[PDB]
Amino acid sequence: XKXX
Amino acid sequence: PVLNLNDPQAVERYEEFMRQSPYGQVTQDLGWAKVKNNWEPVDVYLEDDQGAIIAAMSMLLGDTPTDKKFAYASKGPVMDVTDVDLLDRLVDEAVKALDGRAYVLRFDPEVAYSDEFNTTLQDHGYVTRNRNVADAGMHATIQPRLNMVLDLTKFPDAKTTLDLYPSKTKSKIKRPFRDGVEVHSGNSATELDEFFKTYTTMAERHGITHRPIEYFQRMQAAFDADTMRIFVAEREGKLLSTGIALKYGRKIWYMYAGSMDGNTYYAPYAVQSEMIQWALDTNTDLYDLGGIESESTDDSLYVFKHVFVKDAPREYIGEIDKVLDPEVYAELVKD
Ligand SMILES: [Mg+2]
Ligand SMILES: [Mg+2]
Ligand SMILES: [Mg+2]
């Protein structure tokens with residue numbers, strides 16, 4: 001920063 | 001059964017099922033394993049009475065501070081997860097394929113949260129993580145449960161992005177184009193370079209980390225121009241903002257974004273308008289803008305995404321955990  | 005990744009025929013059959021399923025997810029495509037190349041892939045599937053694939057789950061195994069692996073099927077499995085008996089059978093195949101190497105098999109399908117479904121899952125032995133866990137931090141769900149999804153099927157005759165919005169919003173969307181912002185799109189190395197510059201600039205501005213460019217290069221190598229597309233907004237020679245969208249299954253998903261410092265002339269709105277236009281041009285059912293922290297104007301994510309999604313955010317069931325090693329699970333997972 002998450003996430004794909 | 002477990003998919004033999006070295007069997008071209010088997011892989012093609014698995015891929016055809018994934019790509020043609022109304023439950024298909026790009027993160028469940030075998031191409032995702034190529035992007036997350038630092039994870040180990042283990043994929044399983046079930047066949048119906050005629051030998052055709054009826055359900056599948058692409059898992060990725062990652063390391064932990066313990067001797068066990070973390071098995072994760074991002075936004076999987078691909079099937080109707082509310083069909084819990086079928087789900088149990090698919091998970092059994094997955095558990096056999098894991099061969100005791102993981103402490104848990106976690107999957108976070110895009111299915112609406114409901115007390116009924118949450119209870120059924122628990123009744124079948126799964127541990128669910130949704131309203132009971134922290135909203136953010138090391139304890140929060142990996143994927144946000146609240147997502148801003150635009151249901152394009154509500155506008156069957158819509159021809160352009162503008163046809164989906166009230167006048168107040170049509171004005172906001174038209175603003176960047178009126179001011180000279182132009183958007184081009186594709187999936188070439190040039191567009192990736194433009195995206196990366198805005199992506200890293202954005203991260204530096206917020207003082208946050210960012211994924212390396214190789215991550216996106218693997219993504220470009222894994223998906224063709226009809227699946228992955230980078231949108232770049234510029235104004236009279238100046239790069240303003242970009243966004244990456246993936247078209248898969250019943251939706252186009254706004255996955256990554258970047259924006260330069262200073263005046264961006266509302267370029268982000270232009271990018272969104274073109275991504276939505278792509279969804280319309282391809283007769284796609286849904287346009288997914290992703291997660292928000294809360295349905296509050298205090299959240300910048302919500303304020304921006306609420307411009308394009310007036311309906312309430314969708315709230316997913318969250319993480320469904322098939323606990324395999326209870327001790328390690330308790331050590332690594334808490335509310
Ligand atoms: Mg370890
Ligand atoms: Mg259309
Ligand atoms: Mg809307």
# chains A, B, ... in the order shown; residues from 1 in each chain; ligands from 1

$ residues_near_ligand --ligand "ligand 1" --cutoff "12 Å" --atoms "only C-alpha atoms and all ligand atoms" --output "NGL selection string"
:B and (61-70 or 101-103 or 328)

$ interface_residues --of "chain B" --to "chain A" --cutoff "7 Å" --atoms "only C-alpha atoms" --output "PyMOL selection string"
chain B and resi 143+208-210

$ write_last_selection --atoms "C-alpha atoms" --output "tab-separated table (two decimals), in the first residue's frame"
chain	number	residue	atom	x	y	z
B	143	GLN	CA	-9.84	-8.44	-0.31
B	208	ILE	CA	3.42	4.30	0.05
B	209	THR	CA	4.93	1.19	-1.57
B	210	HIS	CA	4.21	-0.04	-5.10

$ residues_near_ligand --ligand "ligand 2" --cutoff "10 Å" --atoms "only C-alpha atoms and all ligand atoms" --output "list in words"
residues 152, 153, 155, 156, 157, 158, 159, 160, 277, 278, 279, 280, 281, 282, 283, 284 and 285 of chain B

$ residues_near_ligand --ligand "ligand 3" --cutoff "8 Å" --atoms "only C-alpha atoms and all ligand atoms" --output "ChimeraX atom specification"
/B:150-151,164-165,306-311

$ residues_around --residues "residue 94 (chain B)" --least-positions-apart "5" --cutoff "9 Å" --atoms "only C-alpha atoms" --output "list in words"
residues 1, 2, 42, 43, 44, 45, 57, 59, 89, 99 and 105 of chain B

$ residues_around --residues "residue 47 (chain B)" --least-positions-apart "6" --cutoff "12 Å" --atoms "only C-alpha atoms" --output "PDB file with C-alpha atoms, in the first residue's frame"
ATOM      1  CA  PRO B   1      -9.056 -34.338  -9.750  1.00  0.00           C
ATOM      2  CA  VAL B   2      -5.867 -32.283  -9.790  1.00  0.00           C
ATOM      3  CA  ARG B  13     -10.204 -27.859 -21.017  1.00  0.00           C
ATOM      4  CA  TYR B  14      -9.683 -26.201 -17.628  1.00  0.00           C
ATOM      5  CA  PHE B  17     -14.371 -23.844 -18.385  1.00  0.00           C
ATOM      6  CA  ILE B  53     -15.883 -29.798 -15.676  1.00  0.00           C
ATOM      7  CA  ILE B  54     -18.567 -28.402 -13.362  1.00  0.00           C
ATOM      8  CA  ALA B  55     -16.418 -26.648 -10.742  1.00  0.00           C
ATOM      9  CA  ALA B  56     -12.809 -25.561 -10.400  1.00  0.00           C
ATOM     10  CA  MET B  79     -18.999 -22.417  -9.400  1.00  0.00           C
ATOM     11  CA  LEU B  86     -20.897 -29.305  -4.333  1.00  0.00           C
ATOM     12  CA  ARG B  89     -16.740 -31.976  -2.796  1.00  0.00           C
ATOM     13  CA  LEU B  90     -14.535 -29.481  -4.623  1.00  0.00           C
ATOM     14  CA  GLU B  93     -10.350 -32.542  -3.962  1.00  0.00           C
TER      15      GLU B  93
END

$ residues_around --residues "region 289-302 of chain B" --least-positions-apart "3" --cutoff "6 Å" --atoms "only C-alpha atoms" --output "number ranges by chain"
B: 144, 146-148, 254, 305-306

$ atom_distance --atom1 "CA of residue 231 (chain B)" --atom2 "CA of residue 243 (chain B)"
5.2 Å

$ select_by_dssp --residues "region 5-124 of chain B" --states "strand (DSSP E or B)" --output "number ranges by chain"
B: 40-47, 53-62, 69-73, 78, 102-107, 112

$ closest_residue --among "B:35, B:5, B:133, B:121" --to "residue 222 (chain B)" --atoms "only C-alpha atoms"
B:35

$ atom_distance --atom1 "CA of residue 304 (chain B)" --atom2 "CA of residue 242 (chain B)"
15.0 Å

$ atom_distance --atom1 "CA of residue 112 (chain B)" --atom2 "CA of residue 58 (chain B)"
20.9 Å

$ closest_residue --among "B:96, B:129, B:218, B:235" --to "residue 38 (chain B)" --atoms "only C-alpha atoms"
B:218
